[PDB]
Amino acid sequence: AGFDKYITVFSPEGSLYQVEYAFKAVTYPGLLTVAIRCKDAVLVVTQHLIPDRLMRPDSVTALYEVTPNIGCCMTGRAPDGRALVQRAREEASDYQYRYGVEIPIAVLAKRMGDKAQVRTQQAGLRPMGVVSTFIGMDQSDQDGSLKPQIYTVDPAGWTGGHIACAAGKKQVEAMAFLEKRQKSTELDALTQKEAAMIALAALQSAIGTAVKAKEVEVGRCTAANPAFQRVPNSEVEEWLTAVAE
Amino acid sequence: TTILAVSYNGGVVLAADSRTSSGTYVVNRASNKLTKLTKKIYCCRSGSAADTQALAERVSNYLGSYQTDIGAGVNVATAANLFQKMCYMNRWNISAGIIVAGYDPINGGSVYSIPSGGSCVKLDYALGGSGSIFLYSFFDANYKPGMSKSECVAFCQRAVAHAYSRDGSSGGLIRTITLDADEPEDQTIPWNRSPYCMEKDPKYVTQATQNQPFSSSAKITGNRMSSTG
């Protein structure tokens, strides 16, 4: 009754200290990611900064492919998220082998949240100190069209969709900027270029350094091309120049 | 069942018949025995339909995850090894003959044969199924290595037609797929447009003289096709 915060047991206030501490491991590395969705595509931008000039910049990345049509971004303890990515991939593969169809993004997010909740109820397991952001396209009924989808999974196992979201260091400022921009325009009616400009502007305003192209990596899913792929640096450069006006 | 795969300079051509038969009745006459493993790798299946379908689905699931894990493409040798292992561990419980053919940027076009025993042989061309027994001497006489893509497709279709013209367990549509560095291209030609069949062959038009009319001579003068004559 003295510790009550080293293992997954309730505090007298009805809170889990080991899960709140895993939320601080997300913002500990100092990295930030912003995910947005336009009328026909979904983009995610993650800080990719390499202070060590002897480090191969293209070896380390926070963007992962879960399935050809579902991409992921991990924010927090870098190895931990990697582990979750593996789990996600397995949760895809088994699903593909069980039902014969590719796993929906919402179902994958729900199952990943179920996996996280287990580590918050079993004593010996440590929660993964990362926030997972899955982006993809969802096949709609009664019309057959695809719609962009963002789903975040917390270390507590909380799963939720988003029109736009931010995660990491100074995520509150990015969310405030996105909410302020949302009061005027309608994000679900914008184009890919406008959504990318808004996301990069929010990322810059959260940190206030006017990032370059080598300092960020962007992943993308589109309705025309449902596959998840990373935006080339030239398009990111032109987006940044468009933002700089 | 007639399946085959032939390698040309660019890639491979996979050809198959379309007939699933329960001994002597045609359960399916529009089967698709060219099963996709990856984008550029396919397999021709002969034998038990359920066993081959399960094997192909399991191998395709294994290969799809492997691409995501390594972040690159898969060589044809990897798929051949997967089938060889899975067929060798189950050789006593399944009836399957597999041809694994495809294109990879490293080794170009590759063709592998995995017979019922469970071995794996890398070949320029491979044949399989009940109708393959009719094609070996067809390949020894009429097949020349080094054909073009269109020539290879035409030869594969002609070989499949010749195979199911004589095999009762084979027939129906002819399905071909070409796998190379370009986009894979499929083709399905029907029986009424097949490159060969004995019904249209002019040398089998004249019927054998079996129903002799009652005659006063030993001279053979054709079949009796009328009551009066």
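Line by line, the protein sequences give chains Z and A. Plus 3 on top of the position in the first sequence (first one is 1) and you've got the UniProt record's numbering. Plus 54 on top of the position in the second sequence (first one is 1) and you've got the UniProt record's numbering. All C-beta atoms, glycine included, are put in the ideal place defined by N, C-alpha and C.
query: Per DSSP, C76 (chain Z) is paired with what?
result: Taking the first residue of the first sequence as 1, we reach residue 76 (chain Z) at position 73. Answer is Z:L66, Z:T136, bridged to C76 (chain Z).
query: Looking at chain Z, which residues of the stretch 110-136 of chain A have a Cβ within less than 8 Å of any of its Cβ atoms?
result: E111, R112, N115, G118, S119, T122, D123, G125
message: the ligand ZN and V219 (chain Z): does the residue's C-beta get closer than 7 Å to at least one heavy atom of that ligand?
response: What this structure holds is no ligand at all, so the ligand ZN is not there to describe.
query: So, helix, strand or coil for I53 (chain Z), using DSSP?
result: For this step, residue 53 (chain Z) is matched to residue 50 along the first sequence. The answer is coil: DSSP assigns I53 (chain Z) none of H, G, I, E or B.
query: Hey, how far is the Cα of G103 (chain Z) from the Cα of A215 (chain A)?
result: Taking the first residue of the first sequence as 1, we reach residue 103 (chain Z) at position 100. Taking the first residue of the second sequence as 1, we reach residue 215 (chain A) at position 161. One C-alpha to the other measures close to 33 Å.
message: If I measure Cβ to Cβ from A177 (chain Z) and keep anything under 7 Å in the same chain, skipping five residues before and after, which residues do I get?
response: Here residue 177 (chain Z) is taken as the residue at index 174 of the first sequence, counted from 1. Excluding residues within five positions, the ones whose Cβ falls inside 7 Å are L35, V37, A169, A205, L206, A209.
query: With burial defined as no fewer than 16 other Cβ atoms inside 10 Å of the residue's Cβ, what is the status of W242 (chain Z): buried or exposed?
result: Sequence index remark: in the first sequence, residue 242 (chain Z) carries index 239 (1-based). Per the 10 Å Cβ criterion, buried.
query: Helix or strand or just coil, what does DSSP make of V67 (chain A)?
result: Taking the first residue of the second sequence as position 1, residue 67 (chain A) is located at position 13. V67 (chain A) falls in the strand class under three-state DSSP.
query: Using 8 Å as the threshold, is the stretch 55-72 of chain A in touch with the stretch 194-211 of chain A, meaning 3 or more CB pairs across them?
result: yes
message: Quick check on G84 (chain Z): does DSSP put it in helix, strand or coil?
response: As a first step, residue 84 (chain Z) must be located in the first sequence, where it is residue number 81. Reduced to three states, the DSSP call for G84 (chain Z) is helix.
- prompt: Quick one, which of A:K87, A:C141, A:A180, A:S269 has its alpha-carbon nearest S164 (chain A)'s?
  reply: Translated into positions along the second sequence, residue 164 (chain A) becomes position 110. Nearest of A:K87, A:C141, A:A180, A:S269 to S164 (chain A), Cα basis: A:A180.
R223 (chain Z): first and last residue of the uninterrupted beta strand (DSSP E) it sits in: The residue labelled residue 223 (chain Z) in the question sits at position 220 within the first sequence. From DSSP, the beta strand (DSSP E) with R223 (chain Z) extends over 219-225.
message: Under 8 Å, Cβ to Cβ, is there at least one residue of chain A near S96 (chain Z)?
response: Here residue 96 (chain Z) refers to the residue found at position 93 when the first sequence is read from its first residue. So, interface residue.
- request: Measure the alpha-carbon distance for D83 (chain Z) versus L233 (chain A) and round it to whole angstroms.
  value: As a first step, residue 83 (chain Z) must be located in the first sequence, where it is residue number 80. As a first step, residue 233 (chain A) must be located in the second sequence, where it is residue number 179. Those two C-alpha atoms are separated by around 40 Å.
field: Same chain, Cβ closer than 6 Å to residue 2 (chain Z), neighbours up to 5 away in sequence not counted
entry: Only positions 4 to 248 of chain Z appear in the structure, and residue 2 (chain Z) is not among them; the question remains open.
Beta-carbon spacing of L66 (chain Z), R233 (chain Z) below 8 Å: The residue you call residue 66 (chain Z) lines up with position 63 of the first sequence. The residue you call residue 233 (chain Z) lines up with position 230 of the first sequence. Result yes, Cβ atoms of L66 (chain Z) and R233 (chain Z) sit closer than 8 Å.
message: With a threshold of 7 Å on Cβ separation, who are the neighbours of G171 (chain Z) within its own chain once the five nearest residues in sequence on each side are excluded?
response: Here residue 171 (chain Z) corresponds to residue number 168 of the first sequence, with the count starting at 1. Closer than 7 Å at the Cβ level, and outside the excluded window around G171 (chain Z), lie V29, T30, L34, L35, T36, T78.
field: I160 (chain A), buried or exposed, once every other Cβ within 10 Å from all chains shown has been counted against 16
entry: Locating residue 160 (chain A) in the second sequence gives position 106, counting from the first residue. When all chains shown are included, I160 (chain A) counts as exposed.
- prompt: When DSSP builds the beta bridges, which residues end up paired with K176 (chain A)?
  reply: What you label residue 176 (chain A) is simply residue 122 of the second sequence in a count that begins at 1. The partner list for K176 (chain A) (beta bridge, DSSP) reads A:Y166.
task: Give the straight-line distance between the Cα atoms of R220 (chain A) and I228 (chain A), rounded to the nearest whole angstrom.
output: One-based indexing of the second sequence puts residue 220 (chain A) at position 166. One-based indexing of the second sequence puts residue 228 (chain A) at position 174. Near 15 Å, if we compare the C-alpha coordinates of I228 (chain A) and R220 (chain A).
- prompt: What's the C-alpha gap between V45 (chain Z) and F180 (chain Z)?
  reply: Translated into the one-based positions of the first sequence, residue 45 (chain Z) becomes position 42. Translated into the one-based positions of the first sequence, residue 180 (chain Z) becomes position 177. Between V45 (chain Z) and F180 (chain Z), the C-alpha separation is close to 18 Å.
message: Taking CB distances under 8 Å as the criterion, tell me whether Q232 (chain Z) reaches chain A.
response: Walking along the first sequence from the start, residue 232 (chain Z) turns up at place 229. Not one chain A Cβ lies under 8 Å of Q232 (chain Z).
message: On the CB-based measure, 16 or more other CB atoms within 10 Å of its CB, does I152 (chain A) come out buried or exposed?
response: As a first step, residue 152 (chain A) is located in the second sequence; it is residue number 98 there, counting from the start. Burial call: buried.
task: Tell me, please, whether the CB atom of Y102 (chain Z) is closer than 8 Å to any CB atom in chain A?
output: Working through the first sequence from its first residue, we reach residue 102 (chain Z) at position 99. Cβ-Cβ to chain A under 8 Å: no for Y102 (chain Z).
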